[PDB]
Every structure is written in structure tokens, then in C-alpha cells.
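Novice: Pasting query.pdb below, which is PDB, C-alpha atoms.
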```
MODEL        1
ATOM      1  CA  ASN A   1     -74.693  -9.715 193.305  1.00  0.00           C
ATOM      2  CA  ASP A   2     -72.533 -12.535 191.999  1.00  0.00           C
ATOM      3  CA  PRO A   3     -69.398 -11.748 189.983  1.00  0.00           C
ATOM      4  CA  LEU A   4     -71.068 -13.501 187.073  1.00  0.00           C
ATOM      5  CA  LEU A   5     -70.569 -11.454 183.929  1.00  0.00           C
ATOM      6  CA  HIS A   6     -73.283 -11.915 181.332  1.00  0.00           C
ATOM      7  CA  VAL A   7     -71.874 -12.072 177.822  1.00  0.00           C
ATOM      8  CA  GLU A   8     -73.040 -12.854 174.307  1.00  0.00           C
ATOM      9  CA  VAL A   9     -71.138 -14.217 171.332  1.00  0.00           C
ATOM     10  CA  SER A  10     -72.411 -13.055 167.961  1.00  0.00           C
ATOM     11  CA  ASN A  11     -69.758 -14.188 165.511  1.00  0.00           C
ATOM     12  CA  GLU A  12     -71.480 -12.802 162.439  1.00  0.00           C
ATOM     13  CA  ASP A  13     -71.756  -9.847 160.089  1.00  0.00           C
ATOM     14  CA  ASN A  14     -68.549 -11.069 158.494  1.00  0.00           C
ATOM     15  CA  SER A  15     -66.906 -10.426 161.843  1.00  0.00           C
ATOM     16  CA  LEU A  16     -67.253 -10.813 165.592  1.00  0.00           C
ATOM     17  CA  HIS A  17     -69.587  -9.024 167.976  1.00  0.00           C
ATOM     18  CA  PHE A  18     -69.276  -9.446 171.725  1.00  0.00           C
ATOM     19  CA  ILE A  19     -71.599  -7.934 174.302  1.00  0.00           C
ATOM     20  CA  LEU A  20     -70.818  -7.935 178.006  1.00  0.00           C
ATOM     21  CA  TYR A  21     -73.070  -6.614 180.747  1.00  0.00           C
ATOM     22  CA  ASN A  22     -71.650  -5.705 184.136  1.00  0.00           C
ATOM     23  CA  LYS A  23     -74.030  -7.610 186.381  1.00  0.00           C
ATOM     24  CA  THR A  24     -71.582  -7.811 189.262  1.00  0.00           C
ATOM     25  CA  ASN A  25     -72.175  -5.783 192.402  1.00  0.00           C
ATOM     26  CA  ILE A  26     -69.457  -3.213 191.824  1.00  0.00           C
ATOM     27  CA  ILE A  27     -69.369  -1.076 188.700  1.00  0.00           C
ATOM     28  CA  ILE A  28     -66.589  -1.448 186.160  1.00  0.00           C
ATOM     29  CA  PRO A  29     -63.830   1.109 186.767  1.00  0.00           C
ATOM     30  CA  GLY A  30     -63.377   1.747 183.064  1.00  0.00           C
ATOM     31  CA  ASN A  31     -60.461   1.631 180.653  1.00  0.00           C
ATOM     32  CA  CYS A  32     -60.601  -2.136 181.003  1.00  0.00           C
ATOM     33  CA  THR A  33     -59.279  -4.508 178.367  1.00  0.00           C
ATOM     34  CA  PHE A  34     -60.387  -7.865 177.016  1.00  0.00           C
ATOM     35  CA  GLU A  35     -58.328 -10.851 175.931  1.00  0.00           C
ATOM     36  CA  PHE A  36     -59.620 -13.946 174.179  1.00  0.00           C
ATOM     37  CA  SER A  37     -57.721 -16.914 172.794  1.00  0.00           C
ATOM     38  CA  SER A  38     -58.352 -19.205 169.848  1.00  0.00           C
ATOM     39  CA  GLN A  39     -56.860 -21.786 167.517  1.00  0.00           C
ATOM     40  CA  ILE A  40     -57.001 -20.262 164.056  1.00  0.00           C
ATOM     41  CA  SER A  41     -55.755 -17.014 165.545  1.00  0.00           C
ATOM     42  CA  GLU A  42     -53.831 -15.932 168.620  1.00  0.00           C
ATOM     43  CA  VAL A  43     -54.715 -14.039 171.777  1.00  0.00           C
ATOM     44  CA  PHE A  44     -55.381 -10.320 171.542  1.00  0.00           C
ATOM     45  CA  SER A  45     -56.378  -7.530 173.898  1.00  0.00           C
ATOM     46  CA  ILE A  46     -58.908  -4.939 172.797  1.00  0.00           C
ATOM     47  CA  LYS A  47     -58.876  -1.443 174.248  1.00  0.00           C
ATOM     48  CA  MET A  48     -62.203  -0.918 175.976  1.00  0.00           C
ATOM     49  CA  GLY A  49     -63.916   2.401 176.585  1.00  0.00           C
ATOM     50  CA  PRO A  50     -62.784   4.560 179.513  1.00  0.00           C
ATOM     51  CA  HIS A  51     -66.363   5.178 180.580  1.00  0.00           C
ATOM     52  CA  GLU A  52     -67.814   2.676 183.020  1.00  0.00           C
ATOM     53  CA  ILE A  53     -70.600   0.265 182.150  1.00  0.00           C
ATOM     54  CA  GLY A  54     -73.081  -0.090 184.986  1.00  0.00           C
ATOM     55  CA  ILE A  55     -74.849  -2.810 186.934  1.00  0.00           C
ATOM     56  CA  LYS A  56     -77.046  -2.845 183.853  1.00  0.00           C
ATOM     57  CA  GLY A  57     -74.876  -1.004 181.356  1.00  0.00           C
ATOM     58  CA  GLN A  58     -73.403  -3.144 178.602  1.00  0.00           C
ATOM     59  CA  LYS A  59     -70.139  -3.232 176.687  1.00  0.00           C
ATOM     60  CA  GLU A  60     -69.065  -4.134 173.172  1.00  0.00           C
ATOM     61  CA  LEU A  61     -65.827  -5.677 171.963  1.00  0.00           C
ATOM     62  CA  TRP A  62     -65.995  -5.707 168.182  1.00  0.00           C
ATOM     63  CA  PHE A  63     -63.067  -7.632 166.751  1.00  0.00           C
ATOM     64  CA  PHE A  64     -61.704  -8.458 163.318  1.00  0.00           C
ATOM     65  CA  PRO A  65     -61.761 -10.445 161.405  1.00  0.00           C
ATOM     66  CA  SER A  66     -63.473 -13.005 163.605  1.00  0.00           C
ATOM     67  CA  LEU A  67     -63.095 -16.268 165.486  1.00  0.00           C
ATOM     68  CA  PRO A  68     -64.832 -19.658 165.567  1.00  0.00           C
ATOM     69  CA  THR A  69     -67.522 -20.272 168.158  1.00  0.00           C
ATOM     70  CA  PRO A  70     -68.369 -21.148 170.634  1.00  0.00           C
ATOM     71  CA  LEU A  71     -65.365 -20.169 172.718  1.00  0.00           C
ATOM     72  CA  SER A  72     -65.454 -23.082 175.133  1.00  0.00           C
ATOM     73  CA  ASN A  73     -62.247 -23.899 176.967  1.00  0.00           C
ATOM     74  CA  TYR A  74     -61.018 -20.474 175.924  1.00  0.00           C
ATOM     75  CA  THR A  75     -59.574 -17.740 178.107  1.00  0.00           C
ATOM     76  CA  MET A  76     -61.531 -14.635 177.179  1.00  0.00           C
ATOM     77  CA  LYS A  77     -60.602 -12.997 180.462  1.00  0.00           C
ATOM     78  CA  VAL A  78     -60.932  -9.390 181.559  1.00  0.00           C
ATOM     79  CA  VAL A  79     -58.263  -7.038 182.852  1.00  0.00           C
ATOM     80  CA  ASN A  80     -58.393  -3.641 184.514  1.00  0.00           C
ATOM     81  CA  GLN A  81     -57.001  -0.262 183.529  1.00  0.00           C
ATOM     82  CA  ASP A  82     -53.658  -1.683 184.595  1.00  0.00           C
ATOM     83  CA  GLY A  83     -54.000  -4.640 182.258  1.00  0.00           C
ATOM     84  CA  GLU A  84     -54.439  -6.810 185.328  1.00  0.00           C
ATOM     85  CA  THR A  85     -56.780  -9.779 185.150  1.00  0.00           C
ATOM     86  CA  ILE A  86     -59.746  -8.702 187.240  1.00  0.00           C
ATOM     87  CA  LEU A  87     -62.065 -11.503 186.190  1.00  0.00           C
ATOM     88  CA  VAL A  88     -62.062 -14.649 184.085  1.00  0.00           C
ATOM     89  CA  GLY A  89     -64.743 -16.205 181.913  1.00  0.00           C
ATOM     90  CA  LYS A  90     -65.465 -19.869 182.530  1.00  0.00           C
ATOM     91  CA  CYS A  91     -66.022 -20.075 178.792  1.00  0.00           C
ATOM     92  CA  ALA A  92     -68.451 -22.975 178.863  1.00  0.00           C
ATOM     93  CA  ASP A  93     -69.838 -24.948 175.945  1.00  0.00           C
ATOM     94  CA  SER A  94     -72.077 -22.046 175.002  1.00  0.00           C
ATOM     95  CA  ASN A  95     -71.952 -18.542 173.576  1.00  0.00           C
ATOM     96  CA  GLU A  96     -72.881 -17.564 177.113  1.00  0.00           C
ATOM     97  CA  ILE A  97     -70.151 -16.621 179.559  1.00  0.00           C
ATOM     98  CA  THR A  98     -70.124 -15.620 183.210  1.00  0.00           C
ATOM     99  CA  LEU A  99     -66.860 -14.375 184.668  1.00  0.00           C
ATOM    100  CA  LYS A 100     -66.161 -16.185 187.918  1.00  0.00           C
ATOM    101  CA  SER A 101     -62.998 -14.846 189.508  1.00  0.00           C
ATOM    102  CA  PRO A 102     -59.235 -15.440 189.560  1.00  0.00           C
ATOM    103  CA  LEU A 103     -58.121 -15.277 193.175  1.00  0.00           C
TER     104      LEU A 103
ENDMDL
END
```
Since I need it in another form, could you write the structure as C-alpha cells?
Specialist:
Amino acid sequence: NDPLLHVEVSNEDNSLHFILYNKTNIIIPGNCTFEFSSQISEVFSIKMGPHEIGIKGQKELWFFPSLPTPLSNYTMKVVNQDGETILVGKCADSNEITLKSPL
């Protein structure tokens, strides 16, 4: 139901704290990897857990040190276990993000 990918930007605790929830129809395959851009820092991919998430299940992407928010106009995409961009966050003018789709 919609590829939209609910997300939440914390940006606190002296660090970052992302929370994504697979709302899409299909269920994450697992072993995915994130990748967000920025200005102060560069782009970086975080190794996600191998275990899936779930239509409801969530996911965390703790990063250090941290980045400025919100992340509007950013990339913050999502790849698969093959490091292939599976989805892409619109990264709107809000801590909220809902992956749309590449192709």
C-alpha cells in the first residue's frame, strides 16, 4: 500500500537518530543500506540489519556524529542487499520522509 516510507529525524542526544518503518506493501528483504547527504559532512552508507523489518516493523540508522536538520533537498535514499537504490526519499521540508521510487 503505497511505497511511501515513513521516517523520523531525531537529530539529538549529541548525535543522530533515524527511524524508518516499512509501510510499503512488500516487506524489506534485509541487509539493506542507507545513504544520506549533507553540507557539513559528506554522504555515507550505514550497514543495516540483515533481518527484515515488516509492514509495521521499524528500523534504526544511528549515525555519528550527527547532521543538521531537516534534511530537505537531501538524498537519504535506500539501497538493497546489493547496494542498489531500491527507493528514494523525497526529503521534503520536514523531518518526515516518504520514499517514492526511482524508476
Novice: One decimal, in Å: what's the spacing between CA of residue 60 in chain A and CA of residue 26 in chain A?
Specialist: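 Between CA of residue 60 in chain A and CA of residue 26 in chain A the gap works out to 18.7 Å.
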Novice: Considering all atoms listed in the file, can you say which of A:4, A:89, A:55, A:50 comes closest to residue 22 in chain A?
Specialist: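 Among the listed residues, A:55 lies closest to residue 22 in chain A.
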Novice: Going by the chain IDs and residue numbers used in this file, which residues fall under the PyMOL selection byres ((chain A and resi 96-101) around 8)? Write them as a short mmCIF file (atom, residue, chain, number, x, y, z; two decimals) with C-alpha atoms, in the coordinates of the input.
Specialist:
```
data_model
loop_
_atom_site.label_atom_id
_atom_site.label_comp_id
_atom_site.auth_asym_id
_atom_site.auth_seq_id
_atom_site.Cartn_x
_atom_site.Cartn_y
_atom_site.Cartn_z
CA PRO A 3 -69.40 -11.75 189.98
CA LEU A 4 -71.07 -13.50 187.07
CA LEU A 5 -70.57 -11.45 183.93
CA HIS A 6 -73.28 -11.92 181.33
CA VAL A 7 -71.87 -12.07 177.82
CA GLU A 8 -73.04 -12.85 174.31
CA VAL A 9 -71.14 -14.22 171.33
CA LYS A 77 -60.60 -13.00 180.46
CA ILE A 86 -59.75 -8.70 187.24
CA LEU A 87 -62.06 -11.50 186.19
CA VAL A 88 -62.06 -14.65 184.08
CA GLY A 89 -64.74 -16.20 181.91
CA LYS A 90 -65.46 -19.87 182.53
CA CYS A 91 -66.02 -20.08 178.79
CA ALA A 92 -68.45 -22.98 178.86
CA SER A 94 -72.08 -22.05 175.00
CA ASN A 95 -71.95 -18.54 173.58
CA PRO A 102 -59.24 -15.44 189.56
CA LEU A 103 -58.12 -15.28 193.18
#
```
Novice: Take every atom of range 78-85 of chain A listed in the file, pad by 8 Å on each side, and give me the axis-aligned box centre and edge lengths in Å, one decimal, as lines of an AutoDock Vina configuration file.
Specialist:
```
center_x = -57.3
center_y = -5.0
center_z = 183.4
size_x = 23.3
size_y = 25.5
size_z = 19.8
```
Novice: I'd like the neighbourhood of residue 66 in chain A as number ranges by chain, where a residue qualifies if any of its atoms comes within 7 Å (using all atoms listed in the file), though same-chain residues fewer than 3 positions away should be ignored.
Specialist: A: 11, 15-16, 63
Novice: Suppose you want the space between CA of residue 58 in chain A and CA of residue 80 in chain A; what is it in Å?
Specialist: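 Separation of CA of residue 58 in chain A and CA of residue 80 in chain A: 16.1 Å.
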Novice: Step by step, work through what the PyMOL selection byres ((chain A and resi 32) around 9) selects in the shown file, and finish by giving those residues as a PyMOL selection string.
Specialist: chain A and resi 28-31+33-34+46-50+52+78-84
Novice: Under the rule that only C-alpha atoms are counted, which of A:40, A:27, A:19, A:53 is the nearest residue to residue 68 in chain A?
Specialist: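 Closest residue, counting only C-alpha atoms: A:40.
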Novice: Under the rule that only C-alpha atoms are counted, which of A:13, A:35, A:67, A:18 is the nearest residue to residue 85 in chain A?
Specialist: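 Closest candidate: A:35.
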Novice: I'd like the interatomic distance between CA of residue 51 in chain A and CA of residue 75 in chain A, to a tenth of an Å.
Specialist: 24.0 Å
Novice: Could you check the closest approach to residue 76 in chain A for each of A:36, A:2, A:14, A:54 and tell me which residue wins, using only C-alpha atoms?
Specialist: A:36
Novice: Could you tell me which of A:23, A:71, A:45, A:93 comes closest to residue 10 in chain A if we count all atoms listed in the file?
Specialist: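 The closest residue to residue 10 in chain A is A:71.
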Novice: Which one of A:42, A:62, A:57, A:70 sits closest to residue 24 in chain A if you count only C-alpha atoms?
Specialist: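 Among the listed residues, A:57 lies closest to residue 24 in chain A.
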